[PDB]
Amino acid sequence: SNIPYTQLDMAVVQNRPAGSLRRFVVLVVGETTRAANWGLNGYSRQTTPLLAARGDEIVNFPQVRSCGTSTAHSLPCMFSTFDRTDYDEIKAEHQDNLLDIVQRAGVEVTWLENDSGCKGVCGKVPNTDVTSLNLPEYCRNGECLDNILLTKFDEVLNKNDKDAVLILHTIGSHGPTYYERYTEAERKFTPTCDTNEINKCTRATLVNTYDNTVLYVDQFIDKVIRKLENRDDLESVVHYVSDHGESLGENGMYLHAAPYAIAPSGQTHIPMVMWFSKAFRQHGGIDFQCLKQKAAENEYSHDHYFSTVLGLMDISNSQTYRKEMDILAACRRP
């Protein structure tokens, strides 16, 4: 209430081609996973084997920077019109965010939370806290394995046939209970640090445990793709990006939330990948070989998130959309 609230893009609509198929976009908002331990970026361990095996169909972005080093900064920033370097916390809090605008355009927006909170971003859209289900197959000590989200996916997919944006907010690589982020099938690197007292384990075991968390991210993204890839009637996109990275003892630094100005690359350099369904490849208007090249050669950040999502919903009458910030715009047919 401190300053008047600005509704943005009040006349927004979708401008999808006439007679088009449903468009279903999944935004996986990761947590703590860093670029330097991401197999597709050339890490010496293959922490992303399922995505690597999918080959050309996964677009990987080797140079992406976060807008903050904690969830409290990164989430509101990445869902706002503001860029990191001009972010105004107060202004952002008193205006519509990305999800408010997309919902106003008539898109079904749903937020499934498994990471302790949306930091105010999903207040005005349908949202559920999946962690609270406290299912023994996934959950212990108030935290749940991210595959619990998959159990709620089909309900969203089948809610109706409107275009949709589904946000899956994952707990990812969050520590210091890194060992609780994955299961036996992803416990590849050993020995591990099976305590929250990470300062008491060797740096070698800490890296091993963190790397196992990335294997779980990889299989999670793969399972989301598997829910969509056989729906030939559906134009689907899966987009994954982390909120920030992590420090694993380098120079005495652990966890995250270092002030951005002094934050090491481990905390600011984050993974990002995209996958497109067959129908999206056919009717989505994107030159895929163009996009693979752009992804390899350019530097991106959370600043690109807002316009990339608007572009994926064919949003029109939008004064917030910036073509130069839309990752796909330079490879989209006019």
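Just count from 1 along the sequence shown to find any residue number.
As recorded in the PDB entry, 41-49 is the stretch of 41-49 and 22-30 with the greater mean C-alpha temperature factor.
According to the PDB record, 147-155 carries the higher mean C-alpha B-factor of the two stretches 240-248 and 147-155. In this entry, the residue among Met78, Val107, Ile101, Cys201 with the greatest C-alpha B factor is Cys201. In the deposited coordinates, the residue among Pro271, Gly68, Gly285, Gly266 with the greatest CA B-factor is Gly285. Ranked against the other modelled residues of its chain, the C-alpha B-factor of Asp303 as given in the entry falls in the lowest third. When the CA B factors of the chain's modelled residues are split into thirds, the value for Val64 lands in the lowest one.
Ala35: CA B factor lies in the lowest third for its chain, per the PDB record. Among the modelled residues of the chain, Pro176 sits in the middle third by CA temperature factor in this PDB entry. In the deposited entry, the Cα temperature factor of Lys124 sits in the top third of values across the chain's modelled residues.
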